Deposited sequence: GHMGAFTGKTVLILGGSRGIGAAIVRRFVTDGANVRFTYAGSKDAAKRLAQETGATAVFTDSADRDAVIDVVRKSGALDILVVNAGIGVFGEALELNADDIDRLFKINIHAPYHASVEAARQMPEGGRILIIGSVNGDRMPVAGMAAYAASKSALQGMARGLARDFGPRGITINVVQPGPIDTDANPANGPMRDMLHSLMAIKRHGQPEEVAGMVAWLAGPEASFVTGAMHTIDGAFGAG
C-alpha cells in the first residue's frame, strides 16, 4: 500500500468521516489506531472489519487526548476528526479548537520529519468562529512546526461525503502534498 509501514492515529474514527479515514489508511497498508467515545459498538465493528486498534478516549477531555497521543510514540500521521445551551457551545469549542490544538502540539513533538497532521472540521455563530479558528490555527501551526518538516492541514467538509473527505486526507498525507501546509481545504 501507499502508506505501508506508517503509523497512523485517528482521533474520533468510529463513525462517518472518521470511519472512512480509518478504512482508507488500512486499505493503503498503514498501521492504524483510532479513538472513540460514545459509540462502542460502532468502533467494535470497525475494528473487526479493518483490523485497526480501537481505544476509548473522550475528545472533550483534554488530558485523555494528550495521553492517547503520547502513548502512540513516534507516529507518522495524526488525524483529528471533530465529528458532529452554553454547555453545548463550550463542548463545540473544545472539540473544534481545543482538542485539535493539544493533539497536534503533542504529536508534532513526537513526529519524525515528513510527519503529517490532519484536522477534520466538524459538520449558529459558534460554528463560524470554530471554522475561522481552525484556519488560523493551521497557519500558526505550520509556522511553528514547518522547520521540523511537519505539515499541518485542515479539511472542512460541507453541511458519499466521508469517502471523498478520506480521499483528500489520504492525498494530503502523501508525497504529492509534502509542500502543502497551513491550509484549510473545503470539500
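Colleague: Hey, which stretches of the deposited sequence didn't make it into the model?
Modeller: Holes in the chain trace, numbered from 1: 1 to 3, 88 to 96, 136 to 144, 181 to 205, 234 to 240.
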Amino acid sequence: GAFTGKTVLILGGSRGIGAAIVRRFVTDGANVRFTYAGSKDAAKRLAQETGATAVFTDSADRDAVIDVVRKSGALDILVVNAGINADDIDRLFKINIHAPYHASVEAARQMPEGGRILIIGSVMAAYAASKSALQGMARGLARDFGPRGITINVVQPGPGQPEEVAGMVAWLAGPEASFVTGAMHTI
From here on, numbers count along this sequence of modelled residues.
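Colleague: In the PDB record, does 147 to 155 or 32 to 40 carry the higher mean Cα temperature factor?
Modeller: Higher mean C-alpha B-factor in the PDB entry: 32 to 40.
Colleague: Between 53 to 61 and 66 to 74, name whichever shows the higher mean Cα B factor according to the PDB entry.
Modeller: Looking at the record's C-alpha B-factors, the answer is 53 to 61.
Colleague: Quick one: which of 26, 123, 134, 46 has the biggest Cα B-factor according to the entry?
Modeller: Among 26, 123, 134, 46, the PDB entry lists the largest C-alpha B-factor for 123.
Colleague: Can you tell me which of 97, 117, 89, 103 has the highest Cα temperature factor in the record?
Modeller: Spelled out: the listed residue with the top C-alpha B-factor is 89.
Colleague: If you rank the chain by CA B-factor, which third does residue 186 end up in: lowest, middle or highest?
Modeller: Ranked within chain, residue 186 CA B lands in the highest tercile.
Colleague: Using only modelled residues of the chain, where does the Cα B factor of residue 82 rank: lowest third, middle third or highest third?
Modeller: It belongs to the middle third of the chain when residues are ordered by C-alpha B-factor.
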